[PDB]
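Reading through the structure tokens given below for one structure.
Both ligands and their constituent atoms are indexed starting at 1 by order of listing. Note: hydrogens, waters and symmetry copies are ignored here, and every other heavy atom, side chains too, is used. Just so it is clear: chains get the letters A, B, ... in the order the sequence lines come, proteins before strands, and each one is counted from 1.
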Amino acid sequence: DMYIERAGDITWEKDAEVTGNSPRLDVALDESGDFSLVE
Amino acid sequence: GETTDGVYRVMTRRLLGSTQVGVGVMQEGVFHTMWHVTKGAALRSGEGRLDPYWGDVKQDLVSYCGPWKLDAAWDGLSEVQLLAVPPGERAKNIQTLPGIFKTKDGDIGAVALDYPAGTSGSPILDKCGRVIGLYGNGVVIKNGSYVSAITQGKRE
Ligand SMILES: CC(=O)Nc1ccncc1C
């Protein structure tokens, strides 16, 4: 039995931690909703 | 149950203790999450029940109580924020410049941020605070790191 619990408001935060890169990837999406890399 | 707009954890007591299986968005009386988080099962909110209304395994999305309401899109240029809600941890905003998933059916924004599987369904926001998609369906690249699509549904 699944249940939900509130975790916060949805708002943009100024001075949030800025991280992560921006990779451009060739991908395929199958009928089961799974992404895979195309190489 | 609680119907206030915001971000919510999706929990289960079926396993050991209380386990966070994912996250979702409550907006305009509709609960939005990824299909792989709930597998389309009913949800509880206090004494109330949330029944699935729309879902699609290939998009990996599901809405409860009403049709999908989120329709903002990444502009293809600006940084966005993942409002990550990790299991047992406080909601935290992380800013990033999305990359791209190139597919035979068009291009999709992608966020190269690595969080536990139970963080799936956390919202990705633009600078106006609008939800442009949900985090949690992606791929594991060469170096073992995780890259999620910015998955968004259609507002009918
Ligand atoms: C199934 C899924 O999306 N899980 C995952 C795997 C590895 N790293 C992060 C995440 C969110």
Near B:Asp114 (heavy-atom distance under 4.0 Å), the atoms of ligand 1 are 8 (N), 9 (C)
Using a 3.5 Å cut-off on N or O atoms only, is B:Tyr146 in polar contact with ligand 1? yes
CG of A:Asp15: more than 12 outside heavy atoms within 6.0 angstrom? no
Would you say the side-chain atoms of B:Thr38 and B:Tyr64 include a donor-acceptor pair closer than 3.5 Å? yes
So does B:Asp60 pair up with B:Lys58, basic N to acidic O under 4.0 Å? no
Numbered atoms of ligand 1 (with element) below 4.0 Å of B:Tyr115, judged on heavy atoms: 8 (N), 9 (C), 10 (C), 11 (C)
Looking at atom 2 (C) of ligand 1, what's its closest protein heavy atom, distance included? B:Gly136 O, 3.8 Å
For ligand 1, which atoms have a heavy atom of B:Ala117 less than 4.0 angstrom away? 4 (N), 11 (C)
Between the side chains of B:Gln152 and B:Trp74, is a donor N or O closer than 3.5 angstrom to an acceptor N or O? no
Any heavy-atom pair between the side chains of B:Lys69 and B:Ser63 that's under 4.5 Å? no
